[PDB]
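Residue numbers (full-length UniProt numbering), protein chains in the order written: chain P, 8 to 865; chain G, 16 to 160; chain U, 18 to 49, 58 to 218; chain Z, 8 to 45; chain W, 1 to 35; chain X, 1 to 35; chain C, 1 to 35; chain L, 1 to 35.
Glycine included, C-beta positions come from ideal geometry on N, C-alpha and C.
See structure below.
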Amino acid sequence: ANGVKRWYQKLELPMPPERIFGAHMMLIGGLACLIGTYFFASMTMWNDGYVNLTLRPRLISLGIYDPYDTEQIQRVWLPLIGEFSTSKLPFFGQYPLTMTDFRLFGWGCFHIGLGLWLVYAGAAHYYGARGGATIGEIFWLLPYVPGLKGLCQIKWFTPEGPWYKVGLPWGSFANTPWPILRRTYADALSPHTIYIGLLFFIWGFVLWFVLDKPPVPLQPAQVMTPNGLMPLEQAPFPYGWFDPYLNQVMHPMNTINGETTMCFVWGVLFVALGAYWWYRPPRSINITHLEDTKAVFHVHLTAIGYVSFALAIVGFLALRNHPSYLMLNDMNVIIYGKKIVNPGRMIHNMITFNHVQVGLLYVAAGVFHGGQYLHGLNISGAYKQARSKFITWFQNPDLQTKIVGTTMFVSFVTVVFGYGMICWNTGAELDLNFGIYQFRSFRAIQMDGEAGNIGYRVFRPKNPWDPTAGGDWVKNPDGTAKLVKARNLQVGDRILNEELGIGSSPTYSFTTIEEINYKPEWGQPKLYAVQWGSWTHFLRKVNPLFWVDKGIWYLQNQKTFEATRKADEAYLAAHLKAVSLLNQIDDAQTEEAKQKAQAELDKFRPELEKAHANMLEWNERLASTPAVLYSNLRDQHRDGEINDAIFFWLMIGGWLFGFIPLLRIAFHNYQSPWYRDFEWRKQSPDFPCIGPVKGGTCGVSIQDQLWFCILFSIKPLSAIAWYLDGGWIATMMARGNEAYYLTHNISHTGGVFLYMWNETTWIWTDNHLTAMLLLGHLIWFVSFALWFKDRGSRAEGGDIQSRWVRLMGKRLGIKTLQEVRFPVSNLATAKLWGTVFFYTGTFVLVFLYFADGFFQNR
Amino acid sequence: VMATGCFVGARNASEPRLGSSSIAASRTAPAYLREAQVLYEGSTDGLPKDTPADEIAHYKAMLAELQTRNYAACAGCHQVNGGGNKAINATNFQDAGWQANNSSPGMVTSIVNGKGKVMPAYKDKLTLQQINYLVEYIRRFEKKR
Amino acid sequence: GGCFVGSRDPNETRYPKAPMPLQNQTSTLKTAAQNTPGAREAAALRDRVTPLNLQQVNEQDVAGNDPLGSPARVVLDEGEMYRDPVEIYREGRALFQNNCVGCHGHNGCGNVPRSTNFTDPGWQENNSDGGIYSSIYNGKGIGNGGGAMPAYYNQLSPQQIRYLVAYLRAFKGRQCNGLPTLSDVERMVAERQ
Amino acid sequence: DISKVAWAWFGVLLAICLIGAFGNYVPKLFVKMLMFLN
Amino acid sequence: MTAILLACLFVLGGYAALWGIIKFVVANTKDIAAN
Amino acid sequence: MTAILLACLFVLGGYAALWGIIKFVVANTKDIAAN
Amino acid sequence: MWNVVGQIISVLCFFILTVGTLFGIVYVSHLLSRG
Amino acid sequence: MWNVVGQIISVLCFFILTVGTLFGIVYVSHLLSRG
Ligand code: 2GO
Ligand code: BCL
Ligand code: CLA
Ligand SMILES: CNCCOP(=O)(O)O[C@H](COC(=O)CCCCCCCCCCCC(C)C)OC(=O)CCCCCCCCCCCC(C)C
Ligand SMILES: CNCCOP(=O)(O)O[C@H](COC(=O)CCCCCCCCCCCC(C)C)OC(=O)CCCCCCCCCCCC(C)C
Ligand SMILES: CC(C)CCCCCCCCCCCC(=O)OC[C@@H](OC(=O)CCCCCCCCCCCC(C)C)OP(=O)(O)OCCN
Ligand code: HEC
Ligand code: HEC
Ligand code: SF4
Ligand SMILES: [Ca+2]
């Protein structure tokens, strides 16, 4: 509490309102100037990059960015404009410009104009509260720009100034004698929600009359398109409601018109809720400590975190298959010279994971900040006499250990289940022998087709149920190995691994057929013989989301489901009967019998072709029905996978793993039960320890629990990233086209570890992304310097280094070096910067898994 | 603040035709594929009778220049429609197995470098942006199965 | 981990092959068992199973350093290339299992995103042998050292790439359980390579 | 020191270890009890 | 819409389920101090 | 034999080199304490 | 469905072996420092 | 001969800029934290 600690804590709560208000208004104005520049960065003369690409789908949907507009403009407004001083537009003049460049420049300028003015008006409230300020204090870096000192004594934002430099003439909100103004923060909740309702109404008027998207049901009967004037329902997506990439009319609320009708809906709701609160503001005793801005800061901030998580979820679904993003896949997208696989989905993934990441940070930081309010209360005596039940509901220390311990138990059980299943199935997929057990892989041999006429040597047991049976090789009467055709494989049969070409399982010798004539519930339309070893395909159904999704889809699609089932049925019967006819040919034994047989097969054949084409086309019609929750790349149903089931369990376990430190902040900011047995009392929110006593105590403060939340949460977050970008999370080494994935029509990019090496071969083909990869790795491992129990070693070595450098200064007569003292971070600041370095390392590196492309092929 | 925009540079495109942005054309599928079809066919003849006079003559000037550098058109090895020639081993772009087992990024370098014996290198004939357009046109030849 | 490895398969002899020549195959300097109880069975058995061109090859012998190793100049003589299935199998499975499985799978059906899948008939029909050499030699895609399909012109010899080319045509129309066997290579070679 | 109860877990872990190795190495070697063969 | 509603309902359901467990423990261990 | 002797001597000279450096620093900063 | 009854037996033995072993190293690490 | 000299000059500048920058980070760390 003397070093660097007073720099990132210089602006703490509570604060006066004019100071919060003006500072927010200035940030708003600054964020509008930055978006201004992003509009300039989106014009059509620039390369694709990750900024202008995250904005383009939305700019298309608004009609600002026209995808099919090539005509160059040469005059538009004021007379004669080939190019000027910076030219016809400042510096945009050497370029050829279209209408969408002008729209983009118009919107960019507005943003910059309205931003700059919001910055000024915000400084009028901010500096105006203080009586006013000087150009030299506002800007502060003008003292050392000699000359300009006569215009750095001028006072701005003053109370009685001439109009153009006034600030707040009555000094503060509370003194100004306007009765409309509300005097507390509860009271003010009402005009705030009226103001927000009005911002909605503004966006809908702009949508309707400036962007020309009327609200449903007042949509136009026709729209203008690059091919002329077209009925709304046939005009393609940016212009009308017809989705080209799914080839269907869009629901009316799936369009930007749907969005302008919701503008008016939401606006009316917010205005009415504000009118209600104008007569009935919040009042209960449970809430009146929230007038302190330090306390509401906790409520608001972790609320916004939850809002951010909810944006991620809603946005993901709503837009995973929307024509805004798919339209990027036809725009010849080139980044750092390259050509991207599926840039639509990539950009979509980046926006949703960016919201996800904001959600975690703000929830955690809101809780941390709440822990600071509560520690304050304890350390001044008034925690024990808080009156709101939102504090007092959790004061009993024994309830606090019951809450925490059962959320550890729930975390434990569900993480053990998830991770334990991942481990079981990587054992299965890798065919590992443990001596005590042999893991066995999925393997499939087609049994219909022409592949069902391929022969195999088969070792057949007689009676698996008599231990001490044994088996024999299937043979001819002549003694030589009979080749069994795949159609005649039976359950129990063993085939040599090396007759199948398998070199990856050298520890066991045979594949066992465990199921014949198998057709995947969801998968390829074929019939198979299977070794299910240890691979647990049933685990897909251990997912409550498998069942809700499939039940609702069955209900919407019941009678094509039913006909597809009857087609499969008729086909399996035809296959079986055709296999018996083929077998009578094989074993016919005398050409009279062999002609009779071949003539029977020749007569059944047309009918077996009919049943196959029937099954094929019902199974194709079934696989093109609309998705509910689990989706294709073309918004079609897919069954849930082992991957989806693992992701369900990992969300429960891993978010509880990551959030148990936050419950420790909320309950144990002053005393945990380990502290309370010793009589200890944590004296501040950020101390590093108090140890070596009792074995050592590093990491009990609230600041540290915040850092341990951030780390532990890296684990569910990376589950989310792998799952968005198409990794397979249910094992560690899944290969892209392994027999299981191929037979069950699953597309994935890798499998835990394998994903990592699989995506990085794509990452290596971009030299900007490989530079990012190198820098990312270096930031991270340096966090270890700062996080290991080693600060004393670093202090005592730094000291040797300082002595030495001062010896060199004194010897060589170099005055700048005879008093060097190297600065060595203390333990608290080492933990802060260690968490910073750990976090940023990891998440630059994750950006790369998204930036490489979306390789899921659906 | 940081990305004040983002300084990514200006986009490389093809040749300019007066009054119609070439940079823009290079991201608008119907414009880029019209130029890909011209390169692919070696003529402006299969272009929509709706094509403007200026367009039809800019393409011809493009071809005439390429004819002096001994450029060989893609059609007629591969045909006007795909799926080349088994005789010459010329690739069939209509085939779905050929299409699934190629990425568009990968396809690029096989046109740049040429491919084994007969398919010629185009690195000294065409710009990398004109190869990108052709990879996009070849994509639209795919048939099912 | 150690000692309790299994019994060795009697069909994999350890009987020794002749040593790799010191002289470069591209040299312009001077160009390019007994009767003891079981020594003849062991030599005959080594002649089918133990590979001769598996080892990385002298640096002057790599295809980028070989005067006749460029895609434009290599000789793809079909009679020499599809002459002997034992040999294609002996050599190409050792080279493939080592170098190519990582990215193309243990079944050779594709592991790394967008990777080839050699069992696909449509892919087989539309590739030449010379085409397959070009993509091994050059790599595929833009990047340093080839793209996502890496280049091999330092790394492999022209003779090693040719065993790879012939082996890869044994993948045609197989199912997704490991690699082509000796009789896959033989049915491929009988149906004209 | 070891409790009776912790000695009776260490017994269940060994019964699961030789029910696994007995069914893994017996059919490999004795060519019987074919149900568990691989 | 159906997918968005299902996903949100499942997140709030995980919270509600945790509340119910954590309150089946509190209600039935009320005679025992945790320690 | 030649490569073995070279390597060995290069490691032994790595240590001998360092000592000499250190000896130079000690002698030429005699009478400056390093506090 | 005998593969799903067989598979499940294995998976269940895996969980007893592993979680039994984990809480076996936690009980033997308490005897080496306190009991 | 001349390429080599040109390359030595770029490498020197890089060492002057990266080591130089690193020490400035230390000095700045020093001014914040204390003196
Ligand atoms: C060919 C691959 C290539 C090479 C060059 C490479 C090598 C190495 C080395 C080395 C010497 O070999 C190191 C030391 C190293 C280090 C790292 N790399 Zn690294 N690395 C590569 C590539 C990359 C890339 C692109 C990325 C990393 C990422 C990272 C990161 C990871 C930091 C970290 O702690 O991350 C924790 C999260 C992990 C490991 C991901 C787990 C994902 C999984 C799907 C989650 C769910 C499943 C589990 C069983 C879950 C538990 C259950 C529950 C609690 C949720 C650091 C800098 C990083 C990352 O994983 O971040 C989460 C990252 O994004 N790396 N990495
Ligand atoms: C919606 C209610 C608000 C909230 C409103 C208030 C108000 C008002 C008060 C507090 C107060 C407290 N809150 Mg709070 N607080 C919220 C969330 C949290 C969370 C959390 C993990 O999310 C924690 C750990 C805390 C903890 C705390 C303490 C710092 C403090 C008093 C102890 C305690 O109450 O234990 C809390 C323990 C928990 C176990 C609760 C966790 C569950 C929360 C309620 C909801 C999560 C679900 C969310 C809706 C899911 C989102 C939906 C999806 C996005 C689709 N709050 C949410 C955002 N909180 C009091 C205070 O004094 O601080 C200044 C106080 O008066
Ligand atoms: C990049 C990795 C890195 C570097 C360069 C260092 C550097 C050092 N460590 Mg730290 N350390 C690291 C990581 C690193 N460490 C990790 C991962 C851990 C966890 C185990 C630690 C734990 C740790 C302990 C406990 C201690 C140290 C100590 C030391 C110092 C040894 C004294 C000395 O040998 O002088 C020789 C100097 C060098 C050999 C390094 C030269 C500078 C390097 C090469 C490059 C600068 C690179 C940097 C990333 C550049 C960014 C610059 C910016 C402009 C881009 C030295 C300053 C000791 C010490 O005395 O404390 C001061 C010490 O006690 N290290
Ligand atoms: C490339 N192919 C992957 C995507 O394929 P597709 O779109 O077909 O299928 C899914 C499935 O649906 C879900 O996956 C819904 C969540 C279920 C909750 C399951 C139950 C959740 C309960 C957890 C409660 C935790 C509490 C108690 C701490 O695609 C998605 O929706 C995933 C994208 C969304 C991104 C994740 C959003 C954040 C995760 C939840 C945040 C939680 C926080 C508020 C803490
Ligand atoms: C009284 N002593 C103890 C109590 O006080 P106490 O510990 O807070 O004092 C610290 C400690 O010392 C360090 O913490 C070491 C830094 C030097 C290592 C030097 C090594 C740094 C290199 C690391 C880079 C690796 C990354 C890139 C992977 O307080 C701080 O340094 C606080 C951190 C603030 C630093 C701000 C950096 C911004 C400067 C950027 C612009 C400078 C130049 C560009 C002009
Ligand atoms: C695995 C490990 C544990 C085992 C270590 C192996 C040890 C092997 C010992 C290495 C033996 C080398 C001799 C062979 C050789 O040097 O060859 C000929 C060499 O003739 C000699 O000088 C002969 C004199 C050799 C008398 C030296 C005895 C060595 C002592 C070992 C001490 C080990 C310690 C204590 C660490 O030729 P030239 O250099 O002239 O020509 C270049 C060759 N192109
Ligand atoms: C080891 C030497 C080999 C052999 C013989 C082959 N490969 Fe690969 N491969 C990879 C990827 C991503 C592709 C797709 C490329 C693209 O379209 O984008 C391929 C493709 C091939 C082909 C087909 C070439 C063709 O033009 O059609 C062939 C014949 C080929 N491969 C053979 C990926 C990788 C690897 C990942 C890093 C590695 C290693 C290999 N390949 C190795 C080999
Ligand atoms: C014959 C003289 C050709 C002309 C002119 C063009 N191509 Fe070609 N191409 C030709 C053959 C014989 C082959 C087979 C290559 C081989 O494998 O041996 C091909 C191949 C292609 C492919 C597929 C490449 C791949 O990687 O798989 C493409 C995409 C292709 N060719 C495109 C192409 C284009 C765009 C051309 C004109 C610009 C073109 N080819 C000319 C024969 C000939
Ligand atoms: S090593 Fe550090 S954290 Fe641990 S007791 Fe000592 S000072 Fe505290
Ligand atoms: Ca990706």
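Against U/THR206, the close residues of chain P are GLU505, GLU506, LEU507, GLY508, in the order they occur along the chain (beta-carbon pairs closer than 9 Å). Closer than 7 Å at the C-beta level to chain P, one finds these residues of the UniProt domain "Cytochrome c" (69-157) of chain G: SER118, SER119, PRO120, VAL123, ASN147, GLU151. Remark: the shortest separation between the CB of P/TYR856 and any heavy atom of ligand 10 falls under 7 Å.
Inter-residue distance for P/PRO330 and P/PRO251 is about 8 Å (C-alpha atoms, whole angstroms). Sequence-ordered contacts of the stretch 40-60 of chain G with chain P read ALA40, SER41, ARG42, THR43, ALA44, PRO45, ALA46, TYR47 [C-beta pairs closer than 9 Å]. In terms of side-chain proximity, the C-beta atom of P/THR77 is found no nearer than 7 Å to any non-hydrogen atom of ligand 5. Fewer than three beta-carbon pairs drawn from the stretch 346-355 of chain P and the stretch 641-653 of chain P are found closer than 8 Å, and the two stretches are therefore not classed as touching. Contact between P/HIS305 and P/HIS376 holds, with the beta-carbon distance rounding to 5 Å and staying under 8 Å. Not one heavy atom of ligand 3 is found less than 7 Å from the C-beta of P/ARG828. Remark: the shortest separation between the CB of P/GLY860 and any heavy atom of ligand 10 falls under 7 Å.
For Z/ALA13, the chain C residues whose Cβ falls inside 7 Å of its Cβ are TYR27, in order along the chain. Within the stretch 757-789 of chain P, not one residue has a Cβ closer than 9 Å to any Cβ of chain L. Taking 8 Å as the Cβ-Cβ cut-off, the stretch 811-830 of chain P approaches chain X at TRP811, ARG813, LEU814, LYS817, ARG818, given in chain order. Contact check for C/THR21 against Z/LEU41 fails: the beta carbons are separated by 8 Å or more. By the criterion of a C-beta distance shorter than 6 Å, P/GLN605 is surrounded in its chain by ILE592, once the five residues flanking it on both sides are discounted.
Residue burial is scored here from C-beta neighbours: P/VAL420 has fewer than 16 other C-beta atoms within 10 angstroms and is therefore classed as exposed. Counted as a single uninterrupted DSSP element, the stretch harbouring G/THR66 is not any alpha helix (DSSP H), since DSSP gives it neither H nor E. One alpha carbon belongs to P/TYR313, the other to P/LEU761, and they sit about 33 Å apart. The Cβ of Z/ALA28 sits closer than 8 Å to at least one Cβ of chain P. With 16 or more other CB atoms across the displayed protein chains lying within 10 angstroms of its CB, P/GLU745 is buried. Not a single heavy atom of ligand 4 lies less than 7 Å from the C-beta of P/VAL365.
The beta carbon of Z/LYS11 sits closer than 8 Å to none of the beta carbons in its chain outside the five residues before and after it. Restricting attention to U/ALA191, U/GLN180, U/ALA69, U/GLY203, the CA atom closest to the CA of U/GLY130 is found in U/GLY203. Within chain P, the residues whose beta carbon sits less than 7 Å from that of U/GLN122 are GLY510, listed in sequence order. Contact between P/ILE354 and P/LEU60 holds, since their C-beta atoms are separated by about 5 Å, short of 8 Å. Look at G/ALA18 here: in three-state DSSP terms it is coil, with no helix or strand label. Restricting attention to U/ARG187, U/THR206, U/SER208, the CA atom closest to the CA of U/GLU105 is found in U/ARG187. Per DSSP, the beta-bridge partners of P/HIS644 are P/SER638. The DSSP-derived three-state label of P/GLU167 is coil.
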